[PDB]
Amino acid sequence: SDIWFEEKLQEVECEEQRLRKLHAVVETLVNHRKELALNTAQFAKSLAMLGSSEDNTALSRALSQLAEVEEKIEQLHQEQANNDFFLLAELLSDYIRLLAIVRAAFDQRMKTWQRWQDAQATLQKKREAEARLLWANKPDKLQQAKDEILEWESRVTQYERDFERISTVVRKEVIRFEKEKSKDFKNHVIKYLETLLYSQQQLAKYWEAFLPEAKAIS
């Protein structure tokens, strides 16, 4: 017996659990960021209305300008959320999609193994059918049993060889999933991290431009 498969299947099923956990948390983060961009849009509108209701020209000017800043920020929030979901949240779903591919491989290995075991059970009935005919007085039917045994002798040989190859594919698939991870994971992470760096850079410039407008309030 080989424990590697029974063990590796556990590591795979466990990693998929940690992926769905982090994925579900990200989905709430995307929605919460979308929810924030909406509230920011509402606030930006209320600010412009406040600036109009104002009777102080300077305050109306500053307030109106502040609303414009918030108007730009709410867009960054939405694009950030969109970048969260697509870059970060679709990054997770893909791996969960690949993990399920290796799970199906383990499941397919058990299938081939089951059919291989089912063939073994079919062969015994053949040998037993001949044992009963050995005492009978019909050489024709006897050769009929000896032939079906020969045929099924090769059948189980085929299913056994299939199980060996299928067991090798799962091994080849797991290694492929691991090598592909370390090769592209780092870049995919940097891609998203840059999406957050761009947002922060935009936020700063937004406020650095409004700061002089705030000081200019007389």
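The first residue of the sequence shown is number 1, and the count goes up from there.
Taking the PDB entry as given, 86-94 carries the higher mean Cα B factor of the two stretches 86-94 and 120-128. Of the two segments, 148-156 and 60-68, the one listed with the higher mean B-factor is 148-156 (C-alpha atoms only). The maximum CA B-factor among the listed residues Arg165, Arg176, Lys45, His32, taken from the PDB record, is found at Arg176.
In this PDB entry, the Cα temperature factor of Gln80 sits in the bottom third of its chain's modelled residues, the lowest group.
For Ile73, the recorded CA temperature factor ranks within the lowest third of the chain's modelled residues. In this PDB entry, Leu196 carries a Cα temperature factor that places it within the lowest third of its chain's modelled residues. Residue-level temperature factors show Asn187 in the highest third of its chain, judged at the C-alpha atom. Sorting the modelled residues of the chain by their CA temperature factor places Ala24 in the lowest third.
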